[PDB]
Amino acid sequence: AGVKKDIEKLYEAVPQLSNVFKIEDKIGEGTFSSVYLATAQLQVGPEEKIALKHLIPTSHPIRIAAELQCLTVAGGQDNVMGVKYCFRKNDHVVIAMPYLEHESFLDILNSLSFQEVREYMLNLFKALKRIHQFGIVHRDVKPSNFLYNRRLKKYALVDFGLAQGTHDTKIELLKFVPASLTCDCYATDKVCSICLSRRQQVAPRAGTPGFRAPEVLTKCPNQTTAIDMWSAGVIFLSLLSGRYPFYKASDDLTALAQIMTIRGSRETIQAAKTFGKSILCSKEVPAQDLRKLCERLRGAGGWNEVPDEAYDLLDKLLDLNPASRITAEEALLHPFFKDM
């Protein structure tokens, strides 16, 4: 009913779709898009399942085209989703991708094996290595944007709607996407009318707060491909601990406080200095040993044999310092992936 009307409105908005696709169901309902499952006939192939991503028509054309261009230029290889076609009528743009049937991350956790964890992370790093080679910062790495088909052992990083370019990005369109006074409250628990009256610092939009790196949470102006590696580390932390969502926060500073309870308040404060942020935390909390944290959260019995290499890689992904944080290319060379 509610889905049936949405499908009817989509056919009305882009009438060409009615003569190509049998739209079966709504599989994504985000703030800025809706995704539908459809069946199509290939001219010189079999029938195919297709995901149709309808972008919110308030999106600027440049942002629409930049997302499409990530898929056309970087997609189709190394576990990065590609695109078959794109249909437009006025402000209604529908991206047609091959549909990858996939598991929900809660179902992944329910039958997870250690080798499956290794393969999942390996294939995530292959996709991140490729998009980072093109100078794309995804900004929204999380399980719902990384599709996994367990039966086929097939993977696809999707959703470039929040992506930004690096300075030397190879996605052309990503390039196109009173006075403040000092006071003596700095590095204290004080406020005053001077610091309270300054304007707000602004930063590009990122994804879910529980997957944002500390430099994103603190609104650092320089946000690099390292932010995606932090997000990958959060996925790994969920896999090793069995907890999802691991960080449960709807605002940035709550997420940061949770991160400090895992990685240490003093450690986070020292790292933040290097990207120009002063953090003060009235309650000091120690850094957690990652093996003990994951083993106690996941349960005992039996997964007690996880190798040291797994938690070492997790430490490098969750490096609070974005400069020393491991890269996707380096992660693929890490001892955790011996023989793969």
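Note that the rigid core is defined as the largest set of C-alphas that superpose within 1.5 Å between two forms. Numbers for residues come from their place in the sequence shown, where the first is 1.
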{"item": "Divergent stretch in 6 other deposited structures of this protein, 38-46 or 283-291 [C-alpha RMS, superposed by the core]", "value": "38-46"}
{"item": "Higher-deviation segment by CA RMS in 6 other deposited structures of this protein, core fitted, 303-311 or 273-281", "value": "303-311"}
{"item": "Unresolved deposited residues in the interval that joins residue 177 and residue 178", "value": "10 or more"}
{"item": "Chain break class at residue 301/residue 302 - deposited residues not modelled", "value": "1 to 3"}
{"item": "Which of 23-31 and 47-55 has higher mean CA B factor, as the PDB entry lists it", "value": "23-31"}
{"item": "Between 260-268 and 148-156 (mean CA B-factor, as deposited), the higher", "value": "148-156"}
{"item": "Per the PDB entry, maximal CA B factor within 119, 140, 215, 172", "value": "172"}
{"item": "Most elevated Cα B-factor in the entry, residues 297, 64, 37, 281", "value": "281"}
{"item": "Lowest, middle or highest third - CA B-factor, residue 133", "value": "middle"}
{"item": "Among modelled residues of the same chain, the CA temperature factor third for residue 330", "value": "lowest"}
{"item": "Cα B factor band for residue 189 (lowest, middle or highest third within the chain)", "value": "middle"}
{"item": "Chain-relative CA temperature factor third for residue 221", "value": "highest"}
{"item": "Ranked against its chain, the third holding the CA B-factor of residue 290", "value": "lowest"}
